[PDB]
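To keep things clear, I will list the structure first and then write my remarks on it.
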Amino acid sequence: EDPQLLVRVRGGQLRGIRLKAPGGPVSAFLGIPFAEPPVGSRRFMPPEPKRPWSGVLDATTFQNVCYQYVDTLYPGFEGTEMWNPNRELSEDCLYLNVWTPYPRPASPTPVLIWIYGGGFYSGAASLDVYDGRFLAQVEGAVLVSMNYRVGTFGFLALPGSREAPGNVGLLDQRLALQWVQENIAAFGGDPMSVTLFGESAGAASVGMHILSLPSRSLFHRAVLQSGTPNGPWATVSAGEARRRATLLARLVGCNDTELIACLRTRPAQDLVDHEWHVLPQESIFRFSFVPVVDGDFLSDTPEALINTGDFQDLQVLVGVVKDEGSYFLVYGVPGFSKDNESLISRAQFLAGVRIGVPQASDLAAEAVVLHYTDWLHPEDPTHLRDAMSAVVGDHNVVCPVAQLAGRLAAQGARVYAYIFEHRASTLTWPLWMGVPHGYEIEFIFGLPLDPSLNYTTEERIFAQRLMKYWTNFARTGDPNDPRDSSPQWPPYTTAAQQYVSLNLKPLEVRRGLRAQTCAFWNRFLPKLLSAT
Amino acid sequence: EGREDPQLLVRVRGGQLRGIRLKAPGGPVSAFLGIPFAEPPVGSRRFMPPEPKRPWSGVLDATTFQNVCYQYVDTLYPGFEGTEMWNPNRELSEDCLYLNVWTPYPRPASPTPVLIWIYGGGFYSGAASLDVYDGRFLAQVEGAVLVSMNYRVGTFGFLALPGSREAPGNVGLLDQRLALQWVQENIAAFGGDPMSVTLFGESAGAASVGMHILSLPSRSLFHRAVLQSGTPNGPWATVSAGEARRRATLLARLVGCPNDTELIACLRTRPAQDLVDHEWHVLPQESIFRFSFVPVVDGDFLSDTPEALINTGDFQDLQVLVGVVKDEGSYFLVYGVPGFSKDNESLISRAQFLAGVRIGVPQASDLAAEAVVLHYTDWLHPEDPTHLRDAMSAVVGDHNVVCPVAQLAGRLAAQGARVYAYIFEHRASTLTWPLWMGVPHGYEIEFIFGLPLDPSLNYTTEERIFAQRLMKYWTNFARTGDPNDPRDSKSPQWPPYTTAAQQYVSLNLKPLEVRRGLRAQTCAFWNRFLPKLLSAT
Ligand SMILES: *[C@@H]1O[C@H](CO)[C@@H](O)[C@H](O)[C@H]1NC(C)=O
Ligand SMILES: [Cl-]
């Protein structure tokens, strides 16, 4: 009984496991319950804090993955399996994980709280890419990650009702954050220095905690990797939530109270069976059950809230990868496969755009097509294919990010922006996809530091750099190594618009994040649509 | 006859002419100046199509330039060469239908290719007698036969009551066409080859050349065409019949002329100067690069809109050279955009930019102007006054000239024309416009005509050599439909412009450089996108 692996938290005793990191041991406490299981009558309901337990709770293994859609489009393929659940699915899934340095840190250590992505329809804190051991060992970080409910279980709302108010998955996250405040000192964590980081939907969640007052007291700094609370996919209105919820109810044989009670009687997989049949049109980068502008968790729309908010005492790190949009094209755009090179033609490109910008009117779609065509090579298939990627990436990620970065900087935040440009040597997606959404995570988490994984030795040094930026940022609100002297990463501002490229070369400062094209998405396109 | 120069007496269909032996730098040239080609369009003939000049008796003296057609005279900048060089240099008079011929001296032994110049001036001004149109250098140096004509401008040339008998519209175009007919009939008397006639023109002259390409009865009158900084398509070169009716009756109101017959008859009783004095008061919006009386789409001279006709025309037989200057927009900014001046750097504010855009794109709805502003803003430095100044020039240039030219080049190419394309990029060392104006509209002309060949003009040596190069491109093109020198490959080649490759060349002091895409991204905005934002308003 190693006394380093024994911690008493507020609800009783836990026993972690000593894990091996390439350069030393780490203490890991996996599968800590932070809420009562949201099962039976508790489905769709806000999480309640977990009741006290007797004896020593075994926290040496990952708990169950929250009930979710599982991707079986390319069975056997590493590019997809790596995001699939690696534990039993269950509605009983509200658990978190803590990695700390071994021995337990001497003085209060900055805490990093990871929030996974998965479109609010999937994900798990237990995936290997979110392994907190490297960061804990190399940098002495206390690293926390939680499961939160996804899909219908986490985000089905009948806005206004009591039994399905929506945003409960965000409430799960908030509760794990509260848990950290109350308990992280026991692990040698500093509750007074909590940095949230997250990618894609995890990024939008982080943004939502930024924009929700009861969350603000639970962290001090935020990292948003390839996603934002603003933009076309992260939220829905009360009205559209209600509509999708009632349509799912209909699709499974089901007054709010009565409808919600009927929904509660359905096996989990039944809900997951019809999850993808409620979307208003054929689309990509669009998701059925996402946080809802409810006037409660989100007091107004993200756009409204970032325009008017005060961000004086907040540091934020935001960024994107070189090819935010490639991944998605294979999931429903005629002409795209991971298996060839997807050299499309013009007609496929125009049709691709009605799918990539599903809300787009004829005119809007046209404006997009005309903006993204290379008029010197109108019909070149390579350009058209790259363009389709760019449309999807820009509209959904890069431009929402530039907008977010801009508003936060204007309204008092310290902001650092990046573009991630290194394609992992081990990638199993084709070359034409470049650096797809999600492929920076393994680097930030420090996975190349594991000799067993066959990353190049340049990649291993790259990973060490990123871990340093992130944890420097967690420590100080500033990602720069203070010392050494590596040009400096300057803050993003609305005047200079400086951001850095993250790749094998040293930091390069660039100005303007797709500045002309995001002016198109962020300023012009809205005007075009608000004429029906 | 008896004692005078045997080389200077020529007969044409209307009678006998005496010309003048003129000095060019490299030796003498023949000039026949102020040959009448129509009955003076005066009195009851105002607004009416021209009639051929009745034959005369005796020897007509053709030794001096004749009257300039009645027109508005720019007085914004007294003594200023930048404006003066374009001003009428002969008496203003409605009696102005005259043309000019320059030939080698002595006259060519065998039929020589003919270049016909059509001057610009927005259809409200111009003159074939300006110093920049001096045909002597092209005649002396390239052995060209050069012809230029006066045609009626402003109301006299373009005021229309479409449908009517007495003011059918497009008569300035008809003046031009009559001079084309005169050349077919009479040019061989000067050693010119009626079977090898190239039209060249700049700005409204270019638009004019374009209308002739698009109008059947003009087709038989020439073989090849050069369009410099102007197209018949685009937002300023034509008006709808309805709009010309509007502008013409409004002008009539302004001068106290309150059916068509009775109105036109009243207009005919008005002094020419009254018409000119009210000419600018009829435009639907505050604007630049818009002129009150211009060619009308009459379903006659122009059987449909130039856009319609270029989109669906067969241009099998057509060789066309087309291009633009580097800064088509700069000139206009100082006329009617607040913030701009010839006398300072014109560093404007964002607000003066948004206002500028409303004036320069006067047909734009609010959404359209937003699009323009959105497209032309540099989002890294959106308040930078130098960028905004240059974007304002670019908006005006792109919208009125560069993109119309790209549109013209592409449509003509896609439909069988051999098209050569250029951007002229050298600023005259003698230019008196400020440096920020770059290479303004009109400032290639003096080069193509070979003025730098005149030692007294103060051009640099490089400019003298550059002019010779340009004169060679132009006259090779007139001779053969190809600007390239056949016996020469030490120099780089000028490829045809095609829809596939979109090649054009830079004209500056440096050897030819081939570039691809004529503002291809931006012109896709003006040519493909913007029309649709005017459809669904
Ligand atoms: C050019 O230079 C001469 C002599 O150097 C000067 O006196 C004259 O005024 C100038 N003439 C022109 C045409 O610019
Ligand atoms: Cl250019």
Side-chain angles (χ1 to χ4, degrees), chain A residues 375-376 516, chain B residues 23-25 77 79-87 89 130-134 136-137 228-231 322-331 333 375-376 378 386-387 389-410 420-433 435-447 449-464 467 494-495 497 501-527:
Chain A
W375 292 102
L376 251 137
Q516 286 310 109
Chain B
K23 283 95 171 298
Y77 306 101
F80 181 55
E81 177 84 19
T83 53
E84 294 311 352
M85 79 180 289
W86 308 109
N87 276 345
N89 64 339
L130 307 188
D131 288 345
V132 288
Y133 306 144
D134 187 336
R136 86 181 66 199
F137 313 100
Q228 315 182 190
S229 314
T231 55
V322 294
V324 300
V325 300
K326 184 141 99 303
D327 313 85
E328 294 284 355
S330 70
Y331 201 121
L333 302 192
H375 185 78
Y376 279 87
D378 175 9
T386 302
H387 168 73
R389 177 247 269 153
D390 292 344
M392 190 63 251
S393 174
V395 167
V396 165
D398 290 347
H399 170 49
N400 291 295
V401 184
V402 181
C403 297
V405 168
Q407 173 106 110
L408 184 71
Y420 296 88
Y422 72 83
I423 179 180
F424 179 92
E425 283 186 324
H426 168 79
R427 156 195 261 261
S429 66
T430 52
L431 203 51
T432 62
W433 294 99
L435 276 139
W436 69 263
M437 282 174 80
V439 181
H441 193 79
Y443 286 93
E444 85 278 34
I445 299 161
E446 52 200 75
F447 291 92
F449 273 82
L451 270 65
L453 270 43
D454 183 341
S456 56
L457 286 179
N458 286 357
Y459 291 88
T460 80
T461 295
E462 293 64 43
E463 278 172 327
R464 189 191 53 71
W494 189 334
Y497 179 91
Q502 290 162 71
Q503 298 169 286
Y504 62 97
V505 288
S506 53
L507 310 176
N508 46 51
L509 298 182
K510 293 163 53 170
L512 274 202
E513 156 178 323
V514 172
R515 306 191 190 152
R516 321 210 332 116
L518 206 17
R519 296 264 227 290
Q521 279 317 111
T522 289
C523 291
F525 168 76
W526 291 104
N527 298 341

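First the proteins, then the strands, lettered A, B, ... as listed; each starts at 1. Just follow the structure's listing: the first ligand is 1, and inside any ligand the first atom is 1.
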Open item on the list: According to ring-ring contact (aromatic ring centres under 6.0 Å, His included), who are the partners of B:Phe137, at least two apart in sequence or on a separate chain?
Closed with: none
Task: Pairing residues for A:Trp375 by the ring-ring contact (aromatic ring centres under 6.0 Å, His included) criterion, not counting sequence neighbours - done: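 A:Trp375: no ring-ring contact (aromatic ring centres under 6.0 Å, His included) contacts found.
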- [ ] Return the set of residues passing salt bridge (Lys or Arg N to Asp or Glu O under 4.0 Å) with B:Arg427 (not counting sequence neighbours), or none when no residue passes.
- [x] none
Measure and list all N/O to N/O distances between ligand 1 and the protein that fall under 3.5 angstrom.
from: ligand 1; atom 1: 2 (O); to: B:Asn458; atom 2: OD1; distance (Å): 3.0
from: ligand 1; atom 1: 2 (O); to: B:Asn458; atom 2: ND2; distance (Å): 2.4
from: ligand 1; atom 1: 11 (N); to: B:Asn458; atom 2: ND2; distance (Å): 3.3
from: ligand 1; atom 1: 14 (O); to: B:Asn458; atom 2: ND2; distance (Å): 3.1

Heavy-atom closest pair, residues [X] and [Y]:
X        : Y        : value
B:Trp494 : B:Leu507 : CZ3-CD2, 4.2 Å
B:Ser506 : B:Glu425 : CB-OE1, 3.6 Å
B:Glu463 : B:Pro452 : O-CB, 3.7 Å

